[PDB]
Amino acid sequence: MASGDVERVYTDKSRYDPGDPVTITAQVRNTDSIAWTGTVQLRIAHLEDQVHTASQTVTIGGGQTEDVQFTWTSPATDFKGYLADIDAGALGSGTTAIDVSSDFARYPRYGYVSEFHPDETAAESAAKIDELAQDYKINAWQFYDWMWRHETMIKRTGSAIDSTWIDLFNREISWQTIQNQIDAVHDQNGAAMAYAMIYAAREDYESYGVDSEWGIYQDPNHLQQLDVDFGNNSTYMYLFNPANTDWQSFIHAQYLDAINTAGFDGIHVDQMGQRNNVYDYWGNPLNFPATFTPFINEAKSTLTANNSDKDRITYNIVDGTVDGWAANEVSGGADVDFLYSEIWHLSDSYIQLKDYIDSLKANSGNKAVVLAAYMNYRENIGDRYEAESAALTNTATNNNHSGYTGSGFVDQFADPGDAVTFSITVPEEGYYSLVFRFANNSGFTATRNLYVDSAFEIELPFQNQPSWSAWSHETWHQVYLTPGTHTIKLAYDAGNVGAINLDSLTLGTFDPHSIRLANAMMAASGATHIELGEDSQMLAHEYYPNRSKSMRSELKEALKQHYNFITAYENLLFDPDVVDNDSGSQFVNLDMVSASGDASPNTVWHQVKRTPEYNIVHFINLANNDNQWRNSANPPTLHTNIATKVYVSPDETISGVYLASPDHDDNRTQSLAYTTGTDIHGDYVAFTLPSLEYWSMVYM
């Protein structure tokens, strides 16, 4: 009676230079009561070939987990993905990708850091960076809102760097915490990108060395500078002209200060997106999107000059779509290391998004593409607990304003001593996003004290709404919980203010079905997705700190598989010589399973691609779902034993048919029995796909 499982498999770096040693670690647990002794096998593949094998015998104590390590000298050829497979027999097996790349910008897998707390220890910094690297092969990190001011990024008193500073949303940021994270990025061979704006400065900028003449204005008479109003009569961003060389000088020196003082590898340059009828200080009207490429290219050569090992840069093409505002300009002319675009509502369907990605590749000579595409945005999804069915304390149920869910809500929630108290029951250990749906027409922000299992947690704000029947679910707070039952109590306490009605509490939950389909479509079209950060947090909103949704562990497990898959098969997905095969949907036939070539809803979408060495067919299962990438989705209709025919040239050479999927068998390639044939439609290759859930790739 011998038993156990392989819990985790990871490498010591997210990215290796050719010829670097790779340490591959299997975290193996003996679940038996007595110590196990046996052989642990390592098998490393590159696509369909087995390129290395290794063995060791190892003794693991009963109830213990032990790190089983192998070492491997990466082959000397650059830009190669590999799959490492550890097999411990009765104690299970596990895989991880190895990425050999001298330049991460060829295969960016971009995460984020948004938390810089003085109380973050260096263990905590390291652990969050290590988790993203080990689990999802993250090789670059966008540091969001690390800076003090948009124009004065590091806060100094004299020539001393202050220890902490307060950012635009009143968050305390530590310099040491930023540094420790940057260091930990660098121990993973990761690149640390420093968030910055192309053209923003904070209020009172004239006293920080920034001339108002450099600005951009809504009129010809410099009356009204373009700005972002944060709604408190002091906190503003003011905008400037990216073509102004005096502004370029000022802000490019900030970028350099950031590289040289903090150790950042480059700059993640952001912008607000489309602006019209923009003038400079003198009333000369600007072709605004044409000002970006010159700013970026000048920023790039200034970086390279400063430090050519830390000259990285990207620019956010906001509101991405084919021929979108600034899109052709940047992709076509800007010297960014990889392309980045935040997708809003002009590429809502899978096919529109595919076409946008294809266009970026075609303008750019196939630069890598990273998409910011905030999944399940605004949807109040998860387990719901209606407030009317909660335990009430000097509060009551009612239903005299519409917009509630269930049968009613709680009101008479306006006095110290009042409280609502939910009994939630959760399936597993981890983060839960407490999302409150509520009404407040008090004229101003109300507050309530949240308690969790009787202990105080935090004061929550509840913004004011136009009426008592306009509801909001913008009040959230994330908490970590053990499995089972827990007490979540909103309470009116002395020092809290306003009044509210409480519809419900939802445990904000990212939907795996939609997220696996989006990631599959993106990789299959040659793009990756910025979505993971911190300690397996996921972006819910464009303000990266927003924790209104949490991932459950099935989603974490599936993203681990997916990110490893797109690393191990990076050569069939992201190399510049990976191209759509001509023609369309008449190349591929699935017998008795409705199918499309164009991401038609409720179909198995097949997409044919080619390298000089390989023919690639992607199968993405949209059965039981629509053609929109963002919104939560149903579990796809599972398919089994699908008789497939792929039509080929007579020209084409074929000595095997190979199958890999992030949904099955730990990303391992499987060799499929096939036949060649000829019918009226042309020459074909015929095989059976054992199954199709979210995404499967065949190559030959």
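Residues carry their position along the shown sequence, with the first being 1.
Look at the mean CA B-factor for 391-399 and for 550-558 in the entry; the higher one is 391-399. Averaged over Cα atoms, the B-factor as recorded in the entry is higher for 213-221 than for the other of 312-320 and 213-221.
Sorting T653, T637, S632, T669 by the CA temperature factor given in the entry leaves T653 at the top. Highest C-alpha temperature factor among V369, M147, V479, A470 per the entry: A470. Per the PDB record, residue ranking by Cα B-factor puts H345 in the lowest third of the chain. Among all modelled residues in its chain, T11 ranks in the lowest third by Cα B-factor. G111: CA B factor lies in the lowest third for its chain, per the PDB record. Split the chain's modelled residues into thirds by C-alpha temperature factor. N496 is in the highest one.
Per the PDB record, residue ranking by Cα B-factor puts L490 in the highest third of the chain.
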